[PDB]
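Colleague: next one to model:
(chains A, B and C, ligands or ions: 13)
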Amino acid sequence: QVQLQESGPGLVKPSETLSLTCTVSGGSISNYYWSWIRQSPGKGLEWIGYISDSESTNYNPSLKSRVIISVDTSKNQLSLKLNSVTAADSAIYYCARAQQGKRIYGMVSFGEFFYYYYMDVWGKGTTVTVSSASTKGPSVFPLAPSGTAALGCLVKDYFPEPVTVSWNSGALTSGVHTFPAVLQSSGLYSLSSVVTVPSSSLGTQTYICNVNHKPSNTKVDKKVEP
Amino acid sequence: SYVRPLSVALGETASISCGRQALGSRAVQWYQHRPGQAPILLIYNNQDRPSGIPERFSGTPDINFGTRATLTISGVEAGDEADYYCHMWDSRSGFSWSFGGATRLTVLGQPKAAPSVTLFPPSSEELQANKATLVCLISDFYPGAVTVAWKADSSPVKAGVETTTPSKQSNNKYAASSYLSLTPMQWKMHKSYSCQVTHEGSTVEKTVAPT
Amino acid sequence: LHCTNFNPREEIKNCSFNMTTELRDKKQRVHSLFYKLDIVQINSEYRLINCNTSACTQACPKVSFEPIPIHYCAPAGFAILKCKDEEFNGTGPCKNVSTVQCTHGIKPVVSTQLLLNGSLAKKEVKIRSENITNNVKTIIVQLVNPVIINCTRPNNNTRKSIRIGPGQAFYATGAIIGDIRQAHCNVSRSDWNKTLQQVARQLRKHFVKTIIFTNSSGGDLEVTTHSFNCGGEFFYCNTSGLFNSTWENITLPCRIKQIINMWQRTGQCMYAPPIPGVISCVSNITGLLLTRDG
Ligand SMILES: *[C@@H]1O[C@H](CO)[C@@H](O[C@@H]2O[C@H](CO)[C@@H](O[C@@H]3O[C@H](CO[C@H]4O[C@H](CO[C@H]5O[C@H](CO)[C@@H](O)[C@H](O)[C@@H]5O[C@H]5O[C@H](CO)[C@@H](O)[C@H](O)[C@@H]5O)[C@@H](O)[C@H](O[C@H]5O[C@H](CO)[C@@H](O)[C@H](O)[C@@H]5O)[C@@H]4O)[C@@H](O)[C@H](O[C@H]4O[C@H](CO)[C@@H](O)[C@H](O)[C@@H]4O[C@H]4O[C@H](CO)[C@@H](O)[C@H](O)[C@@H]4O[C@H]4O[C@H](CO)[C@@H](O)[C@H](O)[C@@H]4O)[C@@H]3O)[C@H](O)[C@H]2NC(C)=O)[C@H](O)[C@H]1NC(C)=O
Ligand SMILES: *[C@@H]1O[C@H](CO)[C@@H](O[C@@H]2O[C@H](CO)[C@@H](O[C@@H]3O[C@H](CO)[C@@H](O)[C@H](O)[C@H]3NC(C)=O)[C@H](O)[C@H]2NC(C)=O)[C@H](O)[C@H]1NC(C)=O
Ligand SMILES: *[C@@H]1O[C@H](CO)[C@@H](O[C@@H]2O[C@H](CO)[C@@H](O[C@@H]3O[C@H](CO)[C@@H](O)[C@H](O)[C@@H]3O)[C@H](O)[C@H]2NC(C)=O)[C@H](O)[C@H]1NC(C)=O
Ligand SMILES: *[C@@H]1O[C@H](CO)[C@@H](O[C@@H]2O[C@H](CO)[C@@H](O[C@@H]3O[C@H](CO)[C@@H](O)[C@H](O)[C@@H]3O)[C@H](O)[C@H]2NC(C)=O)[C@H](O)[C@H]1NC(C)=O
Ligand SMILES: *[C@@H]1O[C@H](CO)[C@@H](O[C@@H]2O[C@H](CO)[C@@H](O)[C@H](O)[C@H]2NC(C)=O)[C@H](O)[C@H]1NC(C)=O
Ligand SMILES: *[C@@H]1O[C@H](CO)[C@@H](O[C@@H]2O[C@H](CO)[C@@H](O)[C@H](O)[C@H]2NC(C)=O)[C@H](O)[C@H]1NC(C)=O
Ligand SMILES: *[C@@H]1O[C@H](CO)[C@@H](O[C@@H]2O[C@H](CO)[C@@H](O)[C@H](O)[C@H]2NC(C)=O)[C@H](O)[C@H]1NC(C)=O
Ligand SMILES: *[C@@H]1O[C@H](CO)[C@@H](O[C@@H]2O[C@H](CO)[C@@H](O)[C@H](O)[C@H]2NC(C)=O)[C@H](O)[C@H]1NC(C)=O
Ligand SMILES: *[C@@H]1O[C@H](CO)[C@@H](O[C@@H]2O[C@H](CO)[C@@H](O)[C@H](O)[C@H]2NC(C)=O)[C@H](O)[C@H]1NC(C)=O
Ligand SMILES: *[C@@H]1O[C@H](CO)[C@@H](O)[C@H](O)[C@H]1NC(C)=O
Ligand SMILES: *[C@@H]1O[C@H](CO)[C@@H](O)[C@H](O)[C@H]1NC(C)=O
Ligand SMILES: *[C@@H]1O[C@H](CO)[C@@H](O)[C@H](O)[C@H]1NC(C)=O
Ligand SMILES: *[C@@H]1O[C@H](CO)[C@@H](O)[C@H](O)[C@H]1NC(C)=O
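Modeller: Residues are numbered from 1 along each chain as shown, chains lettered A, B, ... in the order given. Ligands and ions are numbered 1, 2, ... in the order given. Structure as follows:
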């Protein structure tokens, strides 16, 4: 009933304010607690902070002096800021719904309980990269094919992560295989997707990929044919 | 942080011990998380699992202090190969900010799978830009470990190769790319290029020629 | 003592100190838990509350404070006269008198405010005093039906034995295994309320007039609390929630002391060693002792 979705800039210069948002679907925003979690390569899940339904803040001691978790009850938008960002702050950021639990072990009147939170519904995640290097759009080149055949497109030098590939704007979904990227020594990734398809339709039904690179707003699409 | 390696056989029951023992009455959370994937909540109370999570994920209720918190994954399959976290709350420790160290369950005994090598020649548009880049795509193999070797006619080449590390797919299998970058001159002057993929003790080769 | 607090009422401290050992020239840096009530600050360097007035002898951990019936007998050639009239006021003539050699089994139960484990009135809550018109004379109530008090110290304590000398072993309070809770007592509402309207209607037979119940006056802890013994440790329960009515449970928050003076003597205390495990005792409340103001 309730879904989430993060949003971000993809690239952030060092020593600048990072800003993300989230869109809550099918649920009131000032009804539950909201959290922020990030996972960097090499480090485990790190709990950033959380906001209450009363809109009160409480941040991790790891970054209490750099984080501001705001809110926007007009819609269902949850905010997050990161002052003075360094290279170690690049990670996949998540926003989840913290549900408050009340564990009582003694007498409720003597104060013999403790509050604990659990986050049951998470967002998809937003990738952010911290490097003073500039953004750059890709250069998708088509890969012509040759029981079945394989055909794809070589998304060459682009920075930074991520990139989206869709075949026939979402019509062709069976047999797709978007491979992981490759960080070249030149400092920018390169991706490649392919799709196994029956050899019958090599000439008739056109195959068109759709490449999306938001960190540079360079949206491209190309067609493949022998 | 630092990781704990775990290995169970396929079909067995995994008993994942929690990281930090509780000093008092506890309230433990179990998250199943994969690298580059949204973490899902398995058990939020000491044993209460939410909607959708199968009954094969069971925890230990804290009926009497002393009992340790463990996550029990009965009938492990290839999908239960992820990182598991133990969010340990109790009455004595402070605010449980960190999720603790991750235990990476690696289910053993999975069947072996052979690669699906596919090599594409440089595009006509790419060659027009005076830059040639072959691409060798390996897919649907297991275990996730291969070896690429590029052939320039007879003699091999390794200057200009950029190979992805294996990555788990949606079918619990692994895939990796392999890019050889060369000038358009040396693409036309060589008779053929090959992509030799060595998985386990076997090698398979899918070549391509400038034509 | 060098003490710090405990955990992120009942305050407990974790105190480290230098201590002697089996050999005179050598010392040991050992630590122990001390309840805040047994320890004062010097001005965080603390100090045992008794060291400035008297020494302390800790109880031999093999003896028990279990009150068991004592029979007081009279010598040969003497006698004991037992008044058997039920509604006997305690003073004056008694029409049903018999002679005995010894008294019945009397348990030396030390308590305050509430008289625990005792002899009941055969019918109607009987009240005893000297000069009722004089408020400085203590009134003694004796209930007819016993309300049951239910006490327990929940914290699972552990005993840590030091060695302060050749044969001298001071038993220190170890760690607290499990949760940290609050020691207290439970008595039944609508039963303390049922037996307080019984004491009420008998207090007005001597005082015409509305009667009020309040808390203790104030001062020492032993004077202003339901101090008693329970499993080995000495509780100090706050009975403001029991005497609070002018004519489901009612829980009394209790503190626990280790340095007790007992008989209010001229400088003599006893260190009650920590009882390992969980403590819980059940005691009848058969009597009372009030104090009028004027
Ligand atoms: C002297 O006088 C004293 C004062 O009068 C007196 O003190 C009393 O002491 C006792 C123990 O010494 C105390 O008992 C404790 O009480 C706790 C609270 O119990 C109540 O609440 C729970 C939970 O309620 C939430 O959940 C239910 C549904 O699950 C909802 O319906 C509720 O509305 C509520 O949920 C909402 O509210 C929350 C708060 O707003 C929100 O956050 C939430 O989102 C929701 O909105 C109820 O389940 C309890 O029901 C039980 O009792 C009723 C009678 O009232 C029974 O009929 C019924 O069958 C139930 O058994 C109750 O209403 C308890 O949590 C606590 O028990 C746990 O803790 C101890 C020690 O920590 C454990 O050893 C014990 O095993 C329990 O652990 C279980 O539960 C936790 C968390 O739930 C699990 O993590 C754990 O693994 C374990 O689960 C396992 O066992 C469960 C059954 O036990 C089972 O269901 C599970 O599936 C699993 O197998 C403990 O009992 C009592 O509070 C004191 N009194 C007061 C006033 O404080 C003293 O006794 C007197 N005598 C002396 C000193 O001698
Ligand atoms: C109020 O204080 C009580 C302490 O006396 C808490 O504990 C409950 O006391 C009841 C009274 O003895 C117990 O019920 C008894 O069980 C025995 C065993 O079968 C019977 O012989 C008794 O007749 C029966 N008494 C009654 C009145 O039913 C309860 O068992 C005991 N609680 C538990 C968990 O064992 C009360 O819990 C406490 N209540 C509150 C709300 O704090
Ligand atoms: C004083 O209070 C304590 C606790 O409030 C009372 O102890 C309780 O006694 C009952 C008696 O039946 C116990 O219930 C039984 O427990 C056993 C073991 O768990 C269980 O198998 C039975 O089915 C039944 O539930 C109860 O556990 C026990 N509670 C505790 C905390 O020890 C005691 O009876 C009271 N004394 C009085 C009122 O005189
Ligand atoms: C009022 O009387 C009751 C019962 O006569 C007293 O309860 C009794 O408490 C003692 C401990 O103080 C219990 O005896 C001992 O318990 C320990 C701990 O397990 C054990 O090591 C000993 O062997 C012995 O069993 C005793 O069982 C208990 N009686 C009952 C019936 O439960 C109560 O303490 C008295 N109150 C006061 C203020 O003296
Ligand atoms: C032993 O110490 C106690 C506790 O400090 C003394 O009682 C204190 O006396 C001083 C007098 O200067 C008061 O300021 C405190 O308020 C008293 N404390 C309490 C709790 O009443 C006691 O007098 C000391 N004994 C001797 C013989 O000096
Ligand atoms: C606490 O009071 C109860 C109730 O008066 C006592 O139980 C009685 O014990 C006598 C002596 O064996 C019996 O004749 C009664 O029948 C008992 N009454 C009930 C209701 O069982 C109990 O002995 C008292 N306990 C203490 C320690 O004083
Ligand atoms: C209080 O804590 C102690 C541990 O310090 C518990 O002692 C254990 O009790 C179990 C009972 O099943 C034994 O099997 C262990 O061997 C004991 N451990 C030690 C070190 O002796 C004790 O059970 C706790 N008390 C309660 C009431 O649970
Ligand atoms: C009281 O404080 C002392 C510190 O002096 C605690 O002793 C430490 O306990 C930890 C946990 O086992 C050990 O890692 C340290 O080595 C101990 N230090 C020393 C100097 O012994 C002691 O645990 C505390 N007591 C309680 C009940 O928490
Ligand atoms: C005993 O407990 C009562 C409450 O159960 C305490 O009452 C409080 O006392 C303070 C100090 O005078 C007042 O300011 C509060 O208004 C009282 N609260 C009430 C009556 O609910 C009392 O202080 C406790 N006494 C001891 C010695 O611990
Ligand atoms: C023990 O005594 C030494 C001096 O002899 C002192 O430096 C140290 O702090 C003492 N340790 C304690 C009191 O715990
Ligand atoms: C107690 O009752 C007797 C009855 O013989 C009476 O003489 C005496 O004055 C009474 N004393 C008190 C304090 O009630
Ligand atoms: C004296 O007490 C006994 C006790 O049973 C009773 O039988 C007798 O009737 C009493 N006598 C008087 C005069 O009260
Ligand atoms: C005394 O009684 C009043 C009225 O019932 C209540 O508000 C107050 O909390 C009671 N005090 C205590 C210490 O129980």
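Colleague: for chain A, which residues are neighbours of chain C?
Modeller: Counting by C-beta under 8 Å from any C-beta of the partner chain, chain A comes close to chain C at A:105, A:106, A:107, A:109, A:110, A:112. Every residue, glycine included, has its C-beta placed from N, CA and C.
Colleague: right, is the longest strand seen in chain A up against ligand 2?
Modeller: With secondary structure taken from DSSP state E, chain A has its longest strand at strand A:92-104. No. Judged by C-beta under 6 Å from any ligand atom, strand A:92-104 stays clear of ligand 2, getting no closer than 12.5 Å.
Colleague: what residues of that strand count as buried?
Modeller: Neighbour counts over strand A:92-104 (16 or more other C-beta atoms under 10 Å in any protein chain shown) mark A:92, A:93, A:94, A:95, A:96, A:97, A:98, A:99, A:101, A:103 as buried.
Colleague: which one of those is nearest ligand 7?
Modeller: Of all those, residue A:103 has the smallest distance to ligand 7: 18.6 Å, by C-beta to the nearest ligand atom.
Colleague: and that closest one, what are its bridge partners?
Modeller: Note on residue A:103: beta-bridge partners by DSSP bridges are residue A:114.
Colleague: does it touch residue B:29 like I think?
Modeller: No. Using C-beta atoms under 8 Å, residue A:103 makes no contact with residue B:29, being 11.6 Å away.
Colleague: what do the two both touch?
Modeller: A:116, B:89 (C-beta atoms under 8 Å, 6 or more residues apart in numbering or on different chains).
Colleague: OK, now which residue of chain B is nearest to ligand 11?
Modeller: The minimum distance from chain B to ligand 11, using C-beta to the nearest ligand atom, falls at residue B:91 (52.7 Å).
Colleague: ok, residue 122 - contacts?
Modeller: Went with chain A since none was named. Contacts of residue A:122 by C-beta under 8 Å, 6+ apart are A:4, A:37, A:94, A:95, A:96, B:38, B:39, B:40.
Colleague: wait, I meant chain C there
Modeller: Residues counted as contacts of residue C:122 (C-beta under 8 Å, 6+ apart) are C:86, C:144.
Colleague: if I look at it, how far off is residue A:99?
Modeller: As for residue C:122, its distance to residue A:99 is 60 Å (criterion: C-beta to C-beta, to the nearest Å).
Colleague: go on, residue B:66?
Modeller: From residue B:66 to residue A:99 the distance is 28 Å (C-beta to C-beta).
Colleague: just the closest of the buried residues of strand A:92-104 to ligand 3, please.
Modeller: Ranked by distance to ligand 3 (C-beta to the nearest ligand atom), these are led by residue A:103 at 18.3 Å.
Colleague: list the buried residues in the longest strand seen in chain B.
Modeller: The longest strand of chain B (DSSP E) is strand B:132-141. Using 16+ other C-beta under 10 Å as the test for burial, strand B:132-141 gives B:132, B:133, B:134, B:135, B:136, B:137, B:138, B:139, B:141.
Colleague: ok, now stretch A:101-117?
Modeller: A:101, A:103, A:105, A:106, A:112, A:114, A:116, A:117.
Colleague: among the buried residues of strand B:132-141, which are in reach of ligand 2?
Modeller: Okay, of the buried residues of strand B:132-141, nothing touches ligand 2 (C-beta under 6 Å from any ligand atom).
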